[PDB]
Amino acid sequence: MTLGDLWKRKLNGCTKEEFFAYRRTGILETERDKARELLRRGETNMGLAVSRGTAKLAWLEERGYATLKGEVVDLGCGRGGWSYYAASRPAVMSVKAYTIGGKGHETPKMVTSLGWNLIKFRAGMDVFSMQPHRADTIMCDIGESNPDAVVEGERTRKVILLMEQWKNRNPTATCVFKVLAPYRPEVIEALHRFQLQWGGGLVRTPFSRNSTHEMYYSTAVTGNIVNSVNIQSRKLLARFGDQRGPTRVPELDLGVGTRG
Ligand SMILES: C[S@@+](CC[C@H](N)C(=O)[O-])C[C@H]1O[C@@H](n2cnc3c(N)ncnc32)[C@H](O)[C@@H]1O
């Protein structure tokens with residue numbers, strides 16, 4: 001058993017009120033009052049982030065932790081926050097965004113955020129069975145939280161195998177992907193294998209809630225995987241009993257309009 005396993009069991013034990021006080025204490029959080037309202041309407045003229053995923057990818061890019069260039073692929077785009085972020089970047093030539101949709105899953109929000117015309121959105125697609133194609137940048141933000149850590153580990157292992165197939169198709173491609181449950185032994189093993197072949201390492205986003213152990217793997221970064229995960233596990237374990245609340249920051253506004 002690991003520190004992250006204990007955190008998970010610790011987190012499941014929380015009452016509602018303690019879950020609400022724990023999940024956001026000490027985290028950065030975009031103020032989405034306006035963006036939520038634009039989404040609640042049908043507002044198609046919108047450059048504000050369509051989700052909290054946009055700021056996370058921007059945090060990674062702006063730290064030098066993630067490279068976005070050329071033909072981008074967003075695997076599991078949901079509303080498309082990463083897709084719109086990537087499409088706004090001058091180095092990016094095109095985004096091919098895929099998400100499964102269906103009952104209880106988000107579909108792309110259709111909006112005029114800068115560079116939107118460069119995005120090819122495609123719902124009803126299972127990226128785990130899709131054939132990989134050419135890509136310069138491989139993004140994948142897949143990983144649905146679940147009280148059962150074995151399930152989180154299995155979902156995370158499917159993502160890493162997804163990235164192995166896309167990297168086998170595009171060996172020189174950069175990649176950034178969500179690792180929902182990095183503390184699981186099957187996941188540590190798969191990341192270790194991935195790191196031996198493709199390089200990279202794991203980093204923690206300050207926008208991630210304490211309710212999730214998610215870390216992001218990127219080929220732009222380095223580091224001992226086991227140490228990275230334990231460092232995060234210890235921090236999350238510490239945060240219990242603390243309740244200073246989040247630090248609010250403005251949401252990203254990418255502007256609107258087309259790109260060439
Ligand atoms: C949490 S969202 C990522 C958030 C997104 N990056 C954003 O900024 O809005 C991950 C998406 O992947 C989708 N997904 C899960 N499994 C999938 C699969 N097998 N094939 C395609 N999409 C999948 C989920 O429905 C979900 O909408």
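Every number for a ligand or one of its atoms is a count from 1 in the order of the listing. Along the sequence shown, residues carry numbers from 1. Because only heavy atoms are used, hydrogens play no part in the values below, and waters and symmetry mates are left out as well, while side chains stay in.
Applying the side chain to side chain contact (heavy atoms under 4.5 Å, CB included) rule to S145 yields the partners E152, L180, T212; only residues at least two apart in sequence or on another chain are considered. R63 pairs by the salt bridge (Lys or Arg N to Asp or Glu O under 4.0 Å) definition with nothing, not counting sequence neighbours.
Taking the centre of each ring, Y216 and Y65 stay at or above the 6.0 Å mark. Ring-centre distance between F194 and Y217: below the 6.0 Å cut-off.
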Pair up each side-chain donor or acceptor in residues 160-167 with any protein partner under 3.5 Å, not counting sequence neighbours, and list the distances.
unit_1: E164; atom_1: OE1; unit_2: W198; atom_2: NE1; d: 2.8
unit_1: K167; atom_1: NZ; unit_2: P171; atom_2: O; d: 2.5
unit_1: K167; atom_1: NZ; unit_2: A173; atom_2: O; d: 2.6

Between ligand 1 and the protein, which N/O pairs are shorter than 3.5 Å?
unit_1: ligand 1; atom_1: 6 (N); unit_2: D141; atom_2: OD2; d: 2.9
unit_1: ligand 1; atom_1: 8 (O); unit_2: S51; atom_2: OG; d: 3.0
unit_1: ligand 1; atom_1: 8 (O); unit_2: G81; atom_2: N; d: 3.2
unit_1: ligand 1; atom_1: 8 (O); unit_2: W82; atom_2: N; d: 3.1
unit_1: ligand 1; atom_1: 9 (O); unit_2: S51; atom_2: OG; d: 2.8
unit_1: ligand 1; atom_1: 9 (O); unit_2: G81; atom_2: N; d: 3.1
unit_1: ligand 1; atom_1: 19 (N); unit_2: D126; atom_2: OD1; d: 2.9
unit_1: ligand 1; atom_1: 20 (N); unit_2: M125; atom_2: O; d: 3.3
unit_1: ligand 1; atom_1: 20 (N); unit_2: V127; atom_2: N; d: 3.0
unit_1: ligand 1; atom_1: 22 (N); unit_2: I100; atom_2: N; d: 3.1
unit_1: ligand 1; atom_1: 25 (O); unit_2: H105; atom_2: ND1; d: 2.8

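Following chains of ILVMFWY side-chain contacts shorter than 4.5 Å, one can reach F128 starting from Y98, so the two form part of one hydrophobic cluster.
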